[PDB]
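A short reminder: the numbers here are calculations on the coordinates, not readings from a lab. Reconstructed Cβ throughout: ideal geometry from the backbone, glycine too, with neighbour counts over all protein chains shown.
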Amino acid sequence: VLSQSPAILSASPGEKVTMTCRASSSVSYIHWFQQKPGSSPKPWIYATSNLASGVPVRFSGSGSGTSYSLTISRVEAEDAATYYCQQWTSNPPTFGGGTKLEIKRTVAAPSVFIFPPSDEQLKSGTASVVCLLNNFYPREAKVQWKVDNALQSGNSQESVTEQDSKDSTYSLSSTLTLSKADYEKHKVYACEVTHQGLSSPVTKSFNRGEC
Amino acid sequence: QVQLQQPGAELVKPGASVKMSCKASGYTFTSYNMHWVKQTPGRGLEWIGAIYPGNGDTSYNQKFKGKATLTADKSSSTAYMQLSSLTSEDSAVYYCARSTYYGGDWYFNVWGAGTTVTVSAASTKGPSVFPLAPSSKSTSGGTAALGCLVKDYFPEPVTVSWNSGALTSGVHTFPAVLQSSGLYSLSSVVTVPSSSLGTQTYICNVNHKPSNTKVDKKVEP
């Protein structure tokens, strides 16, 4: 069995980082994999120190016996992923718990967008209003829904992306959902956004039935 | 190039059984073992077993000796893994994987995309795909945001691409949110030049395999 540390690694370009893989019993080799959310693990380093095809010289693997490590000389934004170690000295082959690498960057305010219900959805008797927060950092962000300047509760759901491989940012979408009947009982629909990159809350709004 | 063809997802009732396929390409099928790996957020990555398509020989991890049944269509270059008596523990992404030899040891060098299995008594639900149309309240520094609301489906996952995969830059497909009804909803957005909005066509391609949903929605101003 395998153990990796730390569970989460946080770094800035281009710091030097290392992550370890410890085995219960001694092994001949350790193989490393890189996985990003939504996709399959990619072979990264095989036979302890050999880079897979297309892996930056920046990466390197080392270790022997029961202790092994992966090292990134000068980390870059695209390196944001989870790294697994793997053993195949005895059966069955096993994987490590994984080390997750996060990238540090400067503060970026979110670009905010709002989308009224589509005419198709409205005809079905439901109204979903979507607020979009694009490419911000850090991850922490607060979205408040105000309907005719009345703070909403219980009628919205939000989701955040994984870290962007190119600019190390995050994106968020919040969806406000009302019945068609309730939706046309009000006029102003707004989402208020607070984030570290903003000195004061930013509001995006529309008037229902006005174009 | 070595490719492993794997179906998207399977909704499976508790107590029933499931058989998922793995169509191999780009290499001599019967000359290499085929492996099967399970992934959960809890137990992580776990090797299940392996079949030799050369002559139908199999080997299993101790835990999955009852769950998994490995076969291989020697003629179709397709490997199958059958799981039986499915319980909530069997809800996972299942990968078929090729291995390769180096320094006397082995490692998984080629992986399939994975099959997401959901063990539930709940019924499948196809999503409704609504456009998130570009507006003036959707306009930032010469760019416009637009997207698609993939609304009310079960179970996971939904895959979304833009313009048949030709548009990837600036695309944000958010993780699905779980609704009180047990259904899921998802949205995918993308920022485009607001200047070419009258000449460019932006279509989201929504796929929900367990409900046979394959939908193209045009999102326009």
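Computed values, structure above
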{"quantity": "Stokes-Einstein D (µm²/s) once Rh is taken as the Kirkwood radius of the range B:122-221 over alpha-carbon pairs, at 25 °C in 0.890 mPa s", "calculated": "177"}
{"quantity": "Share of alpha-carbon pairs per 5 Å distance bin for the range A:1-105, given as whole %", "calculated": "3, 14, 26, 27, 19, 9, 3, 1, 0"}
{"quantity": "The protein assembly as shown, dipole about Cα centre (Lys/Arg Cβ +1, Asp/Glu Cβ -1), debye to the nearest 20", "calculated": "300"}
{"quantity": "Relative contact order for the range A:17-56, counting Cα pairs under 8 Å that sit 6 or more residues apart, in percent", "calculated": "29"}
{"quantity": "Sites residue A:5 and residue B:85, calculated FRET efficiency, Cβ-Cβ separation with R0 35 Å, nearest 0.05", "calculated": "0.40"}
{"quantity": "Virtual spin-label span in nm between residue A:104 and residue A:153, 7 Å along Cα→Cβ", "calculated": "3.8"}
{"quantity": "Extension gain, residue B:25 back to residue B:168 (0.36 nm per residue minus Cα-Cα distance, nm)", "calculated": "48.9 nm"}
{"quantity": "Full-stretch length increase - residue A:185, residue A:74 - with 0.36 nm per residue and alpha-carbon distance subtracted", "calculated": "34.3 nm"}
{"quantity": "Anisotropy class of the protein assembly as shown from Cα gyration tensor, a/c 1.5 cut", "calculated": "prolate"}
{"quantity": "Euclidean distance between Cα centres, the range B:7-27 to the range A:15-88, Å", "calculated": "30"}
{"quantity": "Two-decimal ratio, chain B, of alpha-carbon radius of gyration to 2.2 N^0.38 Å", "calculated": "1.20"}
{"quantity": "Antiparallel bridges, percent of DSSP beta bridges restricted to the range A:1-105 (to nearest 5)", "calculated": "90"}
{"quantity": "Residue A:207 versus residue B:181: modelled label distance in nm, points set 7 Å from Cα along the beta carbon direction", "calculated": "3.3"}
{"quantity": "Space enclosed by the convex hull of the alpha-carbon atoms of the range A:68-201, per residue, Å³", "calculated": "164"}
{"quantity": "Trypsin sites (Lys or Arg not before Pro) within the range B:87-177, DSSP loop, no more than 15 other Cβ atoms inside 10 Å", "calculated": "B:137"}
{"quantity": "Extended-chain gain in nm, criterion 0.36 nm per residue less alpha-carbon gap, residue B:55 and residue B:101", "calculated": "14.6 nm"}
